[PDB]
>>> print(open('coords-v1.cif').read())   # mmCIF, C-alpha atoms and all ligand atoms
data_structure
#
loop_
_atom_site.label_atom_id
_atom_site.label_comp_id
_atom_site.auth_asym_id
_atom_site.auth_seq_id
_atom_site.Cartn_x
_atom_site.Cartn_y
_atom_site.Cartn_z
CA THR A 806 10.05 -18.06 10.29
CA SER A 807 9.04 -16.12 7.19
CA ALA A 808 10.56 -16.09 3.72
CA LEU A 809 14.13 -14.88 3.63
CA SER A 810 14.20 -11.24 2.54
CA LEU A 811 16.44 -9.46 0.06
CA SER A 812 17.98 -7.27 2.77
CA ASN A 813 19.16 -10.51 4.40
CA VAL A 814 21.38 -11.20 1.37
CA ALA A 815 21.53 -7.69 -0.10
CA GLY A 816 25.26 -7.78 0.64
CA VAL A 817 26.23 -10.79 -1.46
CA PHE A 818 24.64 -9.08 -4.46
CA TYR A 819 26.93 -6.07 -3.98
CA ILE A 820 30.13 -8.12 -3.90
CA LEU A 821 28.84 -9.72 -7.09
CA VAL A 822 28.35 -6.43 -8.94
CA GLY A 823 31.58 -5.09 -7.49
CA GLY A 824 33.42 -8.17 -8.70
CA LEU A 825 31.83 -7.80 -12.13
CA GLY A 826 32.96 -4.18 -12.15
CA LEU A 827 36.50 -5.03 -11.13
CA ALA A 828 36.48 -7.76 -13.78
CA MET A 829 35.77 -5.29 -16.58
CA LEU A 830 38.40 -2.88 -15.29
CA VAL A 831 41.08 -5.59 -15.12
CA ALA A 832 40.19 -6.54 -18.69
CA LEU A 833 40.12 -3.06 -20.21
CA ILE A 834 43.34 -2.05 -18.46
CA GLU A 835 45.21 -4.95 -20.07
CA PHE A 836 43.53 -4.00 -23.37
CA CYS A 837 44.52 -0.31 -23.04
CA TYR A 838 48.11 -1.30 -22.20
CA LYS A 839 48.20 -3.96 -24.93
CA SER A 840 46.71 -1.42 -27.34
CA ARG A 841 49.13 1.50 -27.06
CA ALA A 842 52.21 -0.69 -26.59
CA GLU A 843 51.28 -2.35 -29.89
CA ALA A 844 50.91 0.84 -31.91
CA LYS A 845 54.08 2.19 -30.29
CA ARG A 846 55.70 -1.12 -31.40
CA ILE B 511 -40.50 -2.75 28.89
CA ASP B 512 -39.23 -3.77 32.34
CA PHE B 513 -36.22 -6.02 33.05
CA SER B 514 -35.10 -8.03 36.01
CA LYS B 515 -31.61 -7.73 37.30
CA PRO B 516 -29.39 -9.72 34.93
CA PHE B 517 -29.27 -13.53 35.08
CA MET B 518 -26.23 -13.87 32.80
CA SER B 519 -23.35 -11.61 31.79
CA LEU B 520 -22.02 -11.05 28.30
CA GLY B 521 -20.24 -8.68 26.01
CA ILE B 522 -20.00 -8.29 22.26
CA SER B 523 -17.20 -10.43 20.89
CA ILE B 524 -15.57 -11.63 17.67
CA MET B 525 -15.92 -15.12 16.20
CA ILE B 526 -13.41 -16.25 13.62
CA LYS B 527 -13.08 -19.53 11.70
CA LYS B 528 -9.88 -21.68 12.03
CA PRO B 529 -8.48 -21.92 8.39
CA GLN B 530 -7.43 -25.61 8.61
CA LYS B 531 -4.46 -24.60 6.36
CA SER B 532 -2.71 -27.93 5.60
CA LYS B 533 -3.00 -26.93 1.93
CA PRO B 534 0.41 -26.63 0.27
CA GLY B 535 0.90 -24.95 -3.07
CA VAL B 536 2.24 -26.32 -6.32
CA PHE B 537 5.21 -23.95 -6.40
CA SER B 538 5.59 -23.91 -2.62
CA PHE B 539 9.24 -24.90 -3.16
CA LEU B 540 10.07 -21.22 -3.69
CA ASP B 541 8.93 -20.00 -0.27
CA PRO B 542 12.34 -20.09 1.55
CA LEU B 543 13.54 -17.11 -0.50
CA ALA B 544 11.37 -14.08 -1.10
CA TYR B 545 10.10 -13.14 -4.53
CA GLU B 546 12.70 -10.40 -4.93
CA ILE B 547 15.52 -12.88 -4.28
CA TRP B 548 14.39 -14.77 -7.37
CA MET B 549 13.84 -11.71 -9.54
CA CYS B 550 17.47 -10.90 -8.70
CA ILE B 551 19.01 -14.36 -9.02
CA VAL B 552 17.73 -14.06 -12.58
CA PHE B 553 19.11 -10.55 -13.08
CA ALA B 554 22.47 -11.55 -11.63
CA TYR B 555 22.61 -14.56 -13.93
CA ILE B 556 22.19 -12.42 -17.04
CA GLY B 557 24.72 -9.96 -15.66
CA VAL B 558 27.44 -12.47 -14.82
CA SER B 559 26.99 -13.95 -18.30
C1 LIG C 1 41.96 1.80 -20.21
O1 LIG C 1 42.73 1.89 -19.28
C2 LIG C 1 40.51 2.18 -20.12
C3 LIG C 1 39.78 1.44 -19.05
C4 LIG C 1 38.33 1.88 -18.88
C5 LIG C 1 37.65 1.27 -17.69
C6 LIG C 1 36.24 1.75 -17.46
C7 LIG C 1 35.62 1.25 -16.18
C8 LIG C 1 35.52 -0.26 -16.16
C9 LIG C 1 34.16 -0.83 -15.88
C10 LIG C 1 33.47 -0.34 -14.64
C11 LIG C 1 32.08 -0.90 -14.49
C12 LIG C 1 31.28 -0.37 -13.33
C13 LIG C 1 29.90 -0.97 -13.22
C14 LIG C 1 29.11 -0.51 -12.02
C15 LIG C 1 28.62 0.90 -12.08
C16 LIG C 1 27.77 1.27 -10.89
#
>>> encode(input="coords-v1.cif", output="structure tokens")
Amino acid sequence: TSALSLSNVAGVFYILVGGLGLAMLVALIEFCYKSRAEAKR
Amino acid sequence: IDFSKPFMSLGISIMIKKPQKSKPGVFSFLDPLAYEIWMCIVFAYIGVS
């Protein structure tokens, strides 16, 4: 029984970054859409 | 010099002390997780913010 190692949880940290990455995409896609559609008016 | 046949056997050996341990640390509450799992709970917290 040693200290829990990063590898043991190295997977949760990926889903976190991946989620953060998806988050920014979802946001900027709405922005892009909301941006052109506004100028097009 | 002369020697009799041996009266006792032996070999070279290693003696070590028994660190009594039983000496917890002040910040021993951080042992469950390794050091890198705290340097990265603090980099994930800045990220997610
Ligand atoms: C309008 O449609 C433009 C959208 C631009 C989106 C750019 C990508 C979004 C963020 C991705 C972040 C990835 C972080 C991880 C890299 C290893």
>>> atom_distance(input="coords-v1.cif", atom1="atom CA of residue 548 of chain B", atom2="atom CA of residue 811 of chain A")
9.4 Å
>>> residues_around(input="coords-v1.cif", residues="segment 824-828 of chain A", least_positions_apart="3", cutoff="12 Å", atoms="only C-alpha atoms", output="PyMOL selection string")
(chain A and resi 817-821+831-835) or (chain B and resi 554-559)
>>> interface_residues(input="coords-v1.cif", of="chain A", to="chain B", cutoff="6 Å", atoms="only C-alpha atoms", output="ChimeraX atom specification")
/A:808-811
>>> atom_distance(input="coords-v1.cif", atom1="atom CA of residue 549 of chain B", atom2="atom CA of residue 534 of chain B")
22.3 Å
>>> atom_distance(input="coords-v1.cif", atom1="atom CA of residue 823 of chain A", atom2="atom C7 of ligand LIG 1 (chain C)")
11.5 Å
